[PDB]
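Asks: Just start-v2.cif, nothing more (mmCIF, N, CA and C atoms):
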```
data_final
#
loop_
_atom_site.group_PDB
_atom_site.id
_atom_site.type_symbol
_atom_site.label_atom_id
_atom_site.label_comp_id
_atom_site.auth_asym_id
_atom_site.auth_seq_id
_atom_site.Cartn_x
_atom_site.Cartn_y
_atom_site.Cartn_z
ATOM 1 N N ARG A 1 112.155 194.374 99.080
ATOM 2 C CA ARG A 1 112.327 195.849 98.959
ATOM 3 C C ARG A 1 112.663 196.202 97.514
ATOM 4 N N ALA A 2 113.241 197.384 97.319
ATOM 5 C CA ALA A 2 113.610 197.834 95.979
ATOM 6 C C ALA A 2 115.037 197.432 95.656
ATOM 7 N N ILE A 3 115.658 196.767 96.608
ATOM 8 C CA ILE A 3 117.036 196.310 96.454
ATOM 9 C C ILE A 3 117.069 194.826 96.118
ATOM 10 N N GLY A 4 115.895 194.280 95.871
ATOM 11 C CA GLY A 4 115.767 192.866 95.535
ATOM 12 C C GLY A 4 116.600 192.521 94.305
ATOM 13 N N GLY A 5 117.910 192.398 94.499
ATOM 14 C CA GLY A 5 118.812 192.071 93.399
ATOM 15 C C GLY A 5 118.997 190.563 93.276
ATOM 16 N N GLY A 6 119.976 190.030 94.004
ATOM 17 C CA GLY A 6 120.254 188.597 93.971
ATOM 18 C C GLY A 6 121.561 188.313 93.239
ATOM 19 N N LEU A 7 122.559 187.841 93.981
ATOM 20 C CA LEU A 7 123.855 187.531 93.392
ATOM 21 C C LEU A 7 123.741 186.330 92.457
ATOM 22 N N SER A 8 122.769 185.466 92.728
ATOM 23 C CA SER A 8 122.563 184.280 91.905
ATOM 24 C C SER A 8 121.982 184.661 90.547
ATOM 25 N N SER A 9 121.596 185.925 90.407
ATOM 26 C CA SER A 9 121.031 186.407 89.151
ATOM 27 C C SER A 9 122.144 186.865 88.217
ATOM 28 N N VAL A 10 123.343 187.002 88.771
ATOM 29 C CA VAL A 10 124.493 187.433 87.989
ATOM 30 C C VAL A 10 124.773 186.448 86.858
ATOM 31 N N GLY A 11 125.004 186.978 85.660
ATOM 32 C CA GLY A 11 125.285 186.139 84.497
ATOM 33 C C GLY A 11 126.748 186.252 84.086
ATOM 34 N N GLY A 12 127.151 185.433 83.120
ATOM 35 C CA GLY A 12 128.528 185.449 82.638
ATOM 36 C C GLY A 12 129.422 184.563 83.500
ATOM 37 N N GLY A 13 128.888 184.106 84.628
ATOM 38 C CA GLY A 13 129.651 183.251 85.532
ATOM 39 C C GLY A 13 130.505 184.087 86.480
ATOM 40 N N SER A 14 130.592 183.651 87.734
ATOM 41 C CA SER A 14 131.377 184.369 88.737
ATOM 42 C C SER A 14 132.789 183.798 88.868
ATOM 43 N N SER A 15 132.866 182.517 89.212
ATOM 44 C CA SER A 15 134.152 181.846 89.412
ATOM 45 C C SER A 15 134.984 181.790 88.140
ATOM 46 N N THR A 16 134.479 182.396 87.090
ATOM 47 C CA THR A 16 135.194 182.406 85.814
ATOM 48 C C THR A 16 136.546 183.097 85.968
ATOM 49 N N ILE A 17 136.626 184.023 86.918
ATOM 50 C CA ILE A 17 137.867 184.752 87.158
ATOM 51 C C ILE A 17 138.825 183.921 88.005
ATOM 52 N N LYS A 18 138.313 182.840 88.582
ATOM 53 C CA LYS A 18 139.136 181.974 89.417
ATOM 54 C C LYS A 18 139.927 182.813 90.418
ATOM 55 N N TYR A 19 139.346 183.019 91.595
ATOM 56 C CA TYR A 19 140.001 183.810 92.633
ATOM 57 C C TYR A 19 141.483 183.457 92.721
#
```
Translate the structure described by the file into C-alpha cells.

Replies:
Amino acid sequence: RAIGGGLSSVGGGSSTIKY
C-alpha cells in the first residue's frame, strides 16, 4: 500500500536508547 514504511528501514539505530 502507500503505508509501505518498514521499521527495519529506520536509521541511526533503535536500541541505541537502551530501553

Asks: Do you have the atom N of residue 7 in chain A-atom N of residue 19 in chain A distance handy?

Replies: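 Spanning atom N of residue 7 in chain A to atom N of residue 19 in chain A is a straight-line distance of 17.6 Å.
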
Asks: Can you measure atom C of residue 2 in chain A to atom C of residue 16 in chain A for me? One decimal in Å is fine.

Replies: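 For atom C of residue 2 in chain A relative to atom C of residue 16 in chain A, the distance reads 27.6 Å.
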
Asks: Which distance in Å separates atom N of residue 18 in chain A and atom N of residue 3 in chain A, to one decimal?

Replies: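 Spanning atom N of residue 18 in chain A to atom N of residue 3 in chain A is a straight-line distance of 27.8 Å.
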